[PDB]
Amino acid sequence: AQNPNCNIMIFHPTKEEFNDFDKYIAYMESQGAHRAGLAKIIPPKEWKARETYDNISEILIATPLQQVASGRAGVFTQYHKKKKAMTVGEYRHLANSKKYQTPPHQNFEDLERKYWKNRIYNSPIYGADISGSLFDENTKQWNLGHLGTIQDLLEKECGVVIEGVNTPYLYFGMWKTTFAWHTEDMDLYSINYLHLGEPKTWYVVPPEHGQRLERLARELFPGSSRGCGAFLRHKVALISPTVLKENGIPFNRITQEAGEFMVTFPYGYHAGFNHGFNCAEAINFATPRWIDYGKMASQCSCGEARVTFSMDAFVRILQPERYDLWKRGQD
Ligand SMILES: O=C(O)CNC(=O)C(=O)O
Ligand SMILES: [Mg+2]
Ligand code: NI
Ligand SMILES: [Zn+2]
(Lines give C-alpha, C1' and ligand atoms only; values in the text may rest on other atoms or scores of the structure.)
(Ligands and ions follow the chains in the order given, each with its own letter.)
Protein backbone atom coordinates (compact mmCIF):
# COMPACT_ATOMS: atom_id res chain seq x y z
CA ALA A 1 0.00 0.00 0.00
CA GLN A 2 1.59 3.34 -1.05
CA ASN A 3 2.13 6.14 1.53
CA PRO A 4 0.82 4.09 4.49
CA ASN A 5 1.76 6.79 7.07
CA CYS A 6 -0.45 9.32 5.05
CA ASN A 7 2.28 11.91 4.66
CA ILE A 8 1.76 15.04 2.55
CA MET A 9 3.55 14.44 -0.73
CA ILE A 10 5.17 17.14 -2.93
CA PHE A 11 5.30 16.70 -6.72
CA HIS A 12 7.53 18.34 -9.38
CA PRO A 13 5.90 17.55 -12.78
CA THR A 14 7.88 18.27 -15.92
CA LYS A 15 6.36 20.41 -18.64
CA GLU A 16 5.29 17.26 -20.51
CA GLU A 17 3.71 15.78 -17.38
CA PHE A 18 1.82 19.09 -16.86
CA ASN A 19 -0.16 18.68 -20.10
CA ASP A 20 -2.82 16.26 -19.00
CA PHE A 21 -4.45 17.22 -15.64
CA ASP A 22 -6.48 14.07 -15.10
CA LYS A 23 -3.56 11.77 -15.90
CA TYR A 24 -1.29 13.61 -13.35
CA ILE A 25 -3.97 13.46 -10.57
CA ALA A 26 -4.26 9.71 -11.21
CA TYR A 27 -0.45 9.40 -11.12
CA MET A 28 -0.29 11.17 -7.74
CA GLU A 29 -2.91 8.78 -6.44
CA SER A 30 -0.91 5.76 -7.75
CA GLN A 31 1.83 6.97 -5.39
CA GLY A 32 -0.58 7.23 -2.43
CA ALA A 33 -0.85 11.06 -2.32
CA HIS A 34 -4.57 10.99 -1.53
CA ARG A 35 -4.01 9.15 1.70
CA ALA A 36 -2.76 12.45 3.27
CA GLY A 37 -5.86 14.39 2.18
CA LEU A 38 -3.63 17.12 0.63
CA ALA A 39 -0.75 17.29 -1.90
CA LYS A 40 1.54 20.07 -3.07
CA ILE A 41 2.31 20.52 -6.78
CA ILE A 42 5.22 22.76 -7.82
CA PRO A 43 4.72 23.70 -11.55
CA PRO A 44 7.55 23.31 -14.02
CA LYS A 45 9.79 26.25 -14.27
CA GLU A 46 8.60 26.90 -17.90
CA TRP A 47 5.03 27.55 -16.66
CA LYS A 48 3.25 30.73 -15.54
CA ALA A 49 -0.33 31.59 -14.52
CA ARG A 50 -0.30 35.03 -16.23
CA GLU A 51 2.27 37.62 -17.22
CA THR A 52 2.16 39.97 -14.19
CA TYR A 53 0.10 40.91 -11.12
CA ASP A 54 0.52 44.62 -11.79
CA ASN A 55 -3.01 45.23 -13.04
CA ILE A 56 -5.27 43.68 -10.27
CA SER A 57 -5.93 46.68 -7.96
CA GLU A 58 -9.28 47.58 -9.43
CA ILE A 59 -10.91 44.21 -8.78
CA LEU A 60 -13.78 44.81 -6.27
CA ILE A 61 -14.27 42.92 -3.06
CA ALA A 62 -18.01 43.55 -2.76
CA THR A 63 -18.44 42.07 0.71
CA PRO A 64 -15.22 41.84 2.77
CA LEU A 65 -15.71 39.69 5.82
CA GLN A 66 -14.41 40.47 9.33
CA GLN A 67 -13.70 37.18 11.05
CA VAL A 68 -14.71 37.50 14.71
CA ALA A 69 -13.74 34.66 17.08
CA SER A 70 -15.44 33.23 20.22
CA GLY A 71 -13.91 30.60 22.55
CA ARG A 72 -10.41 29.82 23.72
CA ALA A 73 -7.15 30.19 21.82
CA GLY A 74 -6.98 26.59 20.61
CA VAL A 75 -10.75 25.85 20.36
CA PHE A 76 -12.89 28.61 18.83
CA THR A 77 -15.58 29.44 16.36
CA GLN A 78 -15.58 32.38 13.97
CA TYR A 79 -18.45 34.34 12.47
CA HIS A 80 -18.27 36.60 9.50
CA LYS A 81 -19.36 40.23 9.89
CA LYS A 82 -20.02 41.93 6.55
CA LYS A 83 -18.07 45.18 5.79
CA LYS A 84 -18.34 47.86 3.13
CA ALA A 85 -16.99 47.18 -0.36
CA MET A 86 -13.42 47.96 -1.20
CA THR A 87 -11.04 47.43 -4.11
CA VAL A 88 -8.11 45.05 -4.03
CA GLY A 89 -5.85 48.15 -3.94
CA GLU A 90 -7.66 49.42 -0.85
CA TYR A 91 -7.59 45.97 0.76
CA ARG A 92 -3.88 45.55 0.16
CA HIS A 93 -3.23 48.93 1.90
CA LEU A 94 -5.43 47.81 4.79
CA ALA A 95 -3.62 44.48 5.11
CA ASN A 96 -0.24 46.34 5.29
CA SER A 97 -1.44 48.88 7.90
CA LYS A 98 -0.14 48.73 11.44
CA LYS A 99 -3.46 47.29 12.73
CA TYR A 100 -3.38 44.25 10.37
CA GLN A 101 0.19 43.69 9.15
CA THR A 102 2.15 40.53 9.83
CA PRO A 103 4.31 40.89 12.98
CA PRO A 104 7.97 40.46 13.08
CA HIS A 105 8.87 36.80 13.24
CA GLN A 106 11.82 34.36 12.91
CA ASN A 107 10.44 31.68 10.59
CA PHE A 108 7.15 29.91 9.61
CA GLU A 109 7.19 28.00 12.96
CA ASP A 110 7.42 31.18 15.04
CA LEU A 111 4.59 32.69 13.01
CA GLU A 112 2.47 29.56 13.54
CA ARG A 113 3.04 29.85 17.33
CA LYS A 114 1.96 33.50 17.23
CA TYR A 115 -1.16 32.63 15.18
CA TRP A 116 -2.37 30.05 17.66
CA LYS A 117 -1.53 32.15 20.71
CA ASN A 118 -3.05 35.38 19.46
CA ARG A 119 -5.61 34.82 16.68
CA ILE A 120 -8.70 35.05 18.89
CA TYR A 121 -7.77 38.55 20.07
CA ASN A 122 -7.96 40.11 16.67
CA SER A 123 -10.59 40.18 13.89
CA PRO A 124 -8.88 40.19 10.46
CA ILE A 125 -10.81 41.02 7.26
CA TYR A 126 -10.96 38.38 4.45
CA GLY A 127 -11.91 38.91 0.80
CA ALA A 128 -13.28 35.45 0.29
CA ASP A 129 -15.39 33.69 -2.23
CA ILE A 130 -15.14 36.27 -5.12
CA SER A 131 -16.28 34.66 -8.45
CA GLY A 132 -13.52 35.20 -10.98
CA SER A 133 -10.06 34.13 -12.24
CA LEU A 134 -6.54 35.45 -12.61
CA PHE A 135 -5.32 32.82 -15.09
CA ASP A 136 -4.58 34.21 -18.53
CA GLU A 137 -6.67 32.67 -21.23
CA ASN A 138 -3.53 31.61 -23.03
CA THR A 139 -2.31 29.51 -20.10
CA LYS A 140 -3.15 26.05 -21.37
CA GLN A 141 -1.95 23.82 -18.51
CA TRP A 142 -3.56 23.75 -15.05
CA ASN A 143 -5.73 26.70 -15.77
CA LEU A 144 -8.40 26.61 -13.02
CA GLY A 145 -11.05 28.21 -15.26
CA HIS A 146 -10.61 25.47 -17.92
CA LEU A 147 -10.82 22.37 -16.06
CA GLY A 148 -13.41 19.65 -16.87
CA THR A 149 -16.68 20.44 -15.06
CA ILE A 150 -18.06 18.29 -12.28
CA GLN A 151 -21.38 18.10 -14.11
CA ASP A 152 -19.64 16.62 -17.17
CA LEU A 153 -17.80 14.09 -14.90
CA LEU A 154 -21.03 12.93 -13.29
CA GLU A 155 -22.58 12.60 -16.75
CA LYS A 156 -19.63 10.61 -18.10
CA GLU A 157 -19.62 8.21 -15.10
CA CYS A 158 -23.32 7.77 -14.44
CA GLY A 159 -24.99 8.55 -17.82
CA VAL A 160 -27.31 11.40 -16.77
CA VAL A 161 -26.94 15.04 -18.01
CA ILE A 162 -27.47 17.56 -15.22
CA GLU A 163 -27.85 21.36 -14.97
CA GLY A 164 -25.21 23.51 -13.33
CA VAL A 165 -21.92 25.16 -13.86
CA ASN A 166 -18.56 25.01 -11.98
CA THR A 167 -16.45 28.29 -11.87
CA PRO A 168 -13.41 29.48 -9.86
CA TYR A 169 -13.19 31.79 -6.88
CA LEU A 170 -10.63 34.30 -5.64
CA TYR A 171 -9.51 34.77 -2.02
CA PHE A 172 -7.71 37.93 -0.93
CA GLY A 173 -6.13 37.41 2.49
CA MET A 174 -4.26 39.16 5.26
CA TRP A 175 -2.43 38.08 8.39
CA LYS A 176 -4.60 35.82 10.61
CA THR A 177 -7.36 35.30 8.04
CA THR A 178 -8.59 31.82 8.63
CA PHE A 179 -10.26 28.88 6.89
CA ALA A 180 -12.13 26.67 9.28
CA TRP A 181 -12.07 22.87 9.47
CA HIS A 182 -14.06 21.41 6.49
CA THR A 183 -14.28 19.00 3.66
CA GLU A 184 -15.51 20.18 0.25
CA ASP A 185 -19.18 20.26 -0.74
CA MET A 186 -20.21 16.67 -1.52
CA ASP A 187 -16.66 15.63 -0.46
CA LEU A 188 -15.26 16.85 -3.83
CA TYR A 189 -11.64 17.48 -4.62
CA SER A 190 -10.35 21.03 -4.61
CA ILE A 191 -7.41 22.72 -6.28
CA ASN A 192 -5.93 25.93 -4.94
CA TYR A 193 -3.30 28.15 -6.58
CA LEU A 194 -1.51 30.82 -4.55
CA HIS A 195 -1.07 33.57 -7.18
CA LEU A 196 0.86 36.15 -5.16
CA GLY A 197 1.92 37.42 -1.78
CA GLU A 198 2.53 35.82 1.54
CA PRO A 199 2.17 32.12 2.40
CA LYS A 200 -0.81 30.03 3.48
CA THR A 201 -0.37 27.34 6.20
CA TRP A 202 -2.54 24.19 5.91
CA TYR A 203 -3.55 21.47 8.34
CA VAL A 204 -5.11 18.23 7.07
CA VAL A 205 -6.56 14.98 8.43
CA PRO A 206 -6.16 11.80 6.30
CA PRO A 207 -9.51 10.79 4.73
CA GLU A 208 -9.32 7.40 6.37
CA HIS A 209 -9.35 9.17 9.77
CA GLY A 210 -11.89 11.86 9.13
CA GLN A 211 -14.46 10.44 11.54
CA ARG A 212 -11.92 10.88 14.38
CA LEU A 213 -11.89 14.57 13.72
CA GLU A 214 -15.73 14.64 13.60
CA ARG A 215 -15.98 12.89 16.97
CA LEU A 216 -13.57 15.38 18.57
CA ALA A 217 -15.44 18.27 17.05
CA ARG A 218 -18.72 17.01 18.55
CA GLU A 219 -17.00 16.89 21.94
CA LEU A 220 -15.45 20.38 21.64
CA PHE A 221 -18.44 22.17 20.18
CA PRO A 222 -21.32 20.53 22.00
CA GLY A 223 -24.08 23.13 21.33
CA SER A 224 -23.16 23.34 17.60
CA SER A 225 -23.25 19.55 17.35
CA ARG A 226 -26.73 19.35 18.89
CA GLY A 227 -27.90 21.86 16.33
CA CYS A 228 -26.67 19.95 13.24
CA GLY A 229 -25.35 16.43 12.71
CA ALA A 230 -22.97 17.86 10.02
CA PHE A 231 -22.08 21.19 11.63
CA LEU A 232 -18.56 21.19 10.23
CA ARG A 233 -20.35 21.95 6.93
CA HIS A 234 -21.01 25.38 8.49
CA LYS A 235 -17.30 26.12 8.21
CA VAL A 236 -16.87 27.97 11.51
CA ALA A 237 -14.85 25.65 13.84
CA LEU A 238 -11.13 25.91 14.59
CA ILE A 239 -9.05 23.42 16.55
CA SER A 240 -5.31 23.96 16.99
CA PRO A 241 -2.54 21.44 16.28
CA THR A 242 -1.74 21.30 19.98
CA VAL A 243 -5.32 20.26 20.81
CA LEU A 244 -5.38 17.75 17.98
CA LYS A 245 -2.10 16.18 19.28
CA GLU A 246 -3.53 16.10 22.84
CA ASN A 247 -6.48 14.16 21.53
CA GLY A 248 -4.48 11.75 19.34
CA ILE A 249 -5.98 12.98 16.04
CA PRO A 250 -3.78 12.05 13.05
CA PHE A 251 -2.93 15.14 10.99
CA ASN A 252 -0.21 16.89 9.01
CA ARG A 253 0.81 20.43 8.25
CA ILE A 254 2.46 22.19 5.32
CA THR A 255 3.01 25.80 4.16
CA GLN A 256 2.08 26.82 0.55
CA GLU A 257 4.00 29.60 -1.10
CA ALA A 258 3.26 31.83 -4.07
CA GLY A 259 3.43 29.91 -7.35
CA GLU A 260 2.40 26.57 -5.81
CA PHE A 261 -0.72 24.43 -6.18
CA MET A 262 -2.41 22.45 -3.41
CA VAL A 263 -4.88 19.67 -4.13
CA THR A 264 -7.34 18.48 -1.49
CA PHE A 265 -8.72 14.97 -1.88
CA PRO A 266 -12.25 13.62 -1.21
CA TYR A 267 -13.12 13.67 2.51
CA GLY A 268 -9.75 15.30 3.50
CA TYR A 269 -10.61 17.68 6.33
CA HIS A 270 -8.50 20.83 6.19
CA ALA A 271 -8.03 24.22 7.90
CA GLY A 272 -5.45 26.99 7.87
CA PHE A 273 -4.43 30.61 7.86
CA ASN A 274 -2.75 33.30 5.78
CA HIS A 275 0.60 34.88 6.73
CA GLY A 276 -0.03 38.27 5.21
CA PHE A 277 -1.53 39.94 2.13
CA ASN A 278 -2.04 37.29 -0.57
CA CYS A 279 -4.35 36.12 -3.36
CA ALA A 280 -5.42 32.52 -4.05
CA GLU A 281 -7.75 31.01 -6.61
CA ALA A 282 -9.64 27.76 -5.96
CA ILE A 283 -12.24 25.48 -7.54
CA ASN A 284 -13.73 22.06 -6.92
CA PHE A 285 -13.22 19.19 -9.34
CA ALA A 286 -14.09 15.50 -9.65
CA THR A 287 -12.56 12.28 -10.98
CA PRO A 288 -14.07 8.77 -11.35
CA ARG A 289 -12.77 7.93 -7.83
CA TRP A 290 -14.86 10.75 -6.32
CA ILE A 291 -18.28 9.22 -7.20
CA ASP A 292 -18.30 6.79 -4.30
CA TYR A 293 -17.39 9.58 -1.88
CA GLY A 294 -20.13 11.80 -3.23
CA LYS A 295 -22.74 9.09 -2.65
CA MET A 296 -21.72 8.85 1.02
CA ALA A 297 -21.10 12.55 1.85
CA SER A 298 -22.84 14.02 4.91
CA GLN A 299 -25.14 16.77 4.53
CA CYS A 300 -26.28 19.85 6.57
CA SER A 301 -30.09 20.05 6.51
CA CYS A 302 -30.44 22.53 9.52
CA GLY A 303 -30.56 25.72 7.44
CA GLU A 304 -27.10 27.13 8.27
CA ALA A 305 -24.72 25.86 5.55
CA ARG A 306 -26.68 27.35 2.55
CA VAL A 307 -24.73 26.29 -0.58
CA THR A 308 -24.47 26.90 -4.32
CA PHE A 309 -27.13 26.16 -6.89
CA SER A 310 -25.12 23.36 -8.41
CA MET A 311 -25.22 21.03 -5.30
CA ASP A 312 -28.87 20.31 -5.99
CA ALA A 313 -28.23 17.94 -8.85
CA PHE A 314 -25.40 16.15 -7.05
CA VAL A 315 -27.70 15.36 -4.04
CA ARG A 316 -30.63 14.55 -6.31
CA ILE A 317 -28.76 11.96 -8.40
CA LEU A 318 -26.24 10.57 -5.90
CA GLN A 319 -28.33 10.75 -2.70
CA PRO A 320 -32.02 10.49 -3.64
CA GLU A 321 -33.08 9.28 -0.17
CA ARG A 322 -31.62 12.44 1.42
CA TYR A 323 -32.76 14.87 -1.20
CA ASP A 324 -36.17 15.93 0.16
CA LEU A 325 -34.76 16.68 3.66
CA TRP A 326 -31.70 18.43 2.26
CA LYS A 327 -33.89 20.65 0.02
CA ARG A 328 -36.18 21.60 2.99
CA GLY A 329 -32.95 22.88 4.66
CA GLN A 330 -32.12 24.90 1.53
CA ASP A 331 -35.54 26.72 1.74
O1 LIG B 1 -7.55 29.68 0.98
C2 LIG B 1 -8.72 29.47 1.49
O3 LIG B 1 -9.39 30.45 2.15
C4 LIG B 1 -9.30 28.12 1.57
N5 LIG B 1 -8.59 26.89 1.32
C6 LIG B 1 -9.31 25.79 0.82
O7 LIG B 1 -10.41 25.53 1.39
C8 LIG B 1 -9.12 24.94 -0.58
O9 LIG B 1 -8.55 25.40 -1.80
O10 LIG B 1 -9.66 23.67 -0.53
MG1 LIG C 1 -7.75 45.58 -11.66
NI1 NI D 1 -11.30 23.77 0.98
ZN1 LIG E 1 -26.28 22.49 9.63
Side-chain angles (χ1 to χ4, degrees), residues 2-3 5-15 17-44 47 49 133-135 139-150 152-153 166-171 173 179 181-195 199-210 213 235 250-274 278-294 297:
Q2 296 263 235
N3 191 24
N5 285 356
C6 300
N7 297 313
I8 300 166
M9 299 176 72
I10 304 162
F11 292 88
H12 290 87
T14 61
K15 62 185 185 299
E17 288 171 340
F18 220 50
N19 285 316
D20 183 334
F21 184 82
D22 294 345
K23 178 180 187 181
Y24 202 76
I25 301 301
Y27 168 73
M28 294 159 57
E29 296 179 350
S30 75
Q31 305 302 292
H34 60 295
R35 295 196 60 181
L38 182 71
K40 179 182 291 191
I41 311 91
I42 290 169
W47 176 100
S133 187
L134 295 176
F135 283 87
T139 301
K140 307 300 183 196
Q141 300 167 313
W142 288 56
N143 182 323
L144 300 189
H146 306 163
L147 296 175
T149 70
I150 300 157
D152 286 344
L153 181 287
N166 176 198
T167 54
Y169 297 78
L170 300 176
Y171 297 82
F179 55 104
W181 280 105
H182 72 282
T183 63
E184 308 300 324
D185 288 344
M186 220 67 183
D187 297 342
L188 283 158
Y189 296 73
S190 66
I191 183 160
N192 183 293
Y193 182 70
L194 189 52
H195 279 287
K200 191 188 288 288
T201 292
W202 300 68
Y203 304 94
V204 59
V205 174
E208 70 203 63
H209 303 301
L213 184 67
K235 305 195 310 165
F251 73 99
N252 283 298
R253 74 193 85 197
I254 191 168
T255 299
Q256 178 190 20
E257 301 185 80
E260 306 178 340
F261 289 91
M262 305 301 294
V263 166
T264 83
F265 296 87
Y267 196 61
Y269 274 102
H270 56 282
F273 64 87
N274 296 306
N278 64 14
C279 173
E281 180 168 344
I283 198 176
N284 296 112
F285 74 90
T287 72
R289 197 176 71 74
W290 166 70
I291 291 292
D292 283 350
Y293 285 88

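Side chains included, hydrogens not; waters and symmetry mates left out as well; all remaining heavy atoms used. Position 1 is the first residue of the sequence; numbering continues from there.
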Interatomic distance, [X] atom [atom1] to [Y] atom [atom2] [nearest 0.5 angstrom]:
X	Y	atom1	atom2	answer
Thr183	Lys235	OG1	NZ	9.5 Å
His270	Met262	NE2	CE	10.0 Å
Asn284	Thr149	CG	OG1	12.0 Å
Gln2	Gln31	CD	CD	5.0 Å
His182	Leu213	NE2	CG	12.0 Å
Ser133	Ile283	OG	CD1	8.5 Å

For this session: Go through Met28 and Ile41 one step at a time and tell me if the side chain to side chain contact (heavy atoms under 4.5 Å, CB included) criterion holds.
Result: CA-CA 10 Å; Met28 294 159 57; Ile41 311 91; 3.8 Å; yes

Problem set entry | Partners passing salt bridge (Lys or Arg N to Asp or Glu O under 4.0 Å) against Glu260 (at least two apart in sequence or in another chain) | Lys40

Exercise. For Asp292, which residues count as a salt bridge (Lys or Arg N to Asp or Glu O under 4.0 Å) partner, sequence neighbours excluded?
Worked result: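 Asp292 satisfies salt bridge (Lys or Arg N to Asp or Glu O under 4.0 Å) with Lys295 once adjacent residues are dropped.
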
For this session: Starting from the C-alpha separation in whole Å, work towards a yes-or-no answer on side chain to side chain contact (heavy atoms under 4.5 Å, CB included) for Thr287 and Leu153.
Result: CA-CA 7 Å; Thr287 72; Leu153 181 287; 5.5 Å; no

For this session: For the residue pair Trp142 and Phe18, categorise the inter-ring angle as parallel (less than 30°), tilted (30 to 60°) or perpendicular (more than 60°).
Result: parallel

For this session: For the pair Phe261 and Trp47, name the ring-plane relationship: parallel under 30°, tilted 30 to 60°, perpendicular over 60°.
Result: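 Correct class here is tilted.
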
Exercise. Knowing that exactly one of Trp290, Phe21, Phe265 qualifies, which makes a ring-ring contact (aromatic ring centres under 6.0 Å, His included) with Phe285?
Worked result: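 Among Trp290, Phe21, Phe265, the one that satisfies the ring-ring contact (aromatic ring centres under 6.0 Å, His included) with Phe285 is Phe21.
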
I'd like to know if the side chain of [X] and the backbone of [Y] have a donor-acceptor N/O pair within less than 3.5 Å.
X	Y	value
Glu184	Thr264	no
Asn252	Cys6	yes
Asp152	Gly148	no
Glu281	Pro168	no

Which heavy atom in [X] sits nearest to a heavy atom in [Y], and how many Å separate them?
X	Y	result
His12	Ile10	CE1-CG2, 3.9 Å
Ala36	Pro207	C-CD, 4.0 Å
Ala33	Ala39	CB-CB, 4.3 Å
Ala280	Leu194	CB-CD1, 4.0 Å
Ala286	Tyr189	CA-CD1, 4.2 Å
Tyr169	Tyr171	O-CE1, 3.4 Å

For this session: Step by step, work out the ring pair (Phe, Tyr, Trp, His ring centres under 6.0 Å) result for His195 and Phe135.
Result: CA-CA 9 Å; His195 279 287; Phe135 283 87; 5.0 Å; yes

Exercise. Is there side-chain contact between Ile25 and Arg289, with at least one heavy-atom pair below 4.5 Å?
Worked result: no

For this session: State, with a plain yes or no, whether a side-chain heavy atom of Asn3 is found less than 4.5 Å away from one of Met9.
Result: yes

Problem set entry | Evaluation steps, ring pair (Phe, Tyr, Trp, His ring centres under 6.0 Å), between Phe179 and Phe273 | CA-CA 6 Å; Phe179 55 104; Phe273 64 87; 8.6 Å; no

For this session: Step by step, work out the side chain to side chain contact (heavy atoms under 4.5 Å, CB included) result for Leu134 and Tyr193.
Result: CA-CA 10 Å; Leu134 295 176; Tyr193 182 70; over 6 Å; no

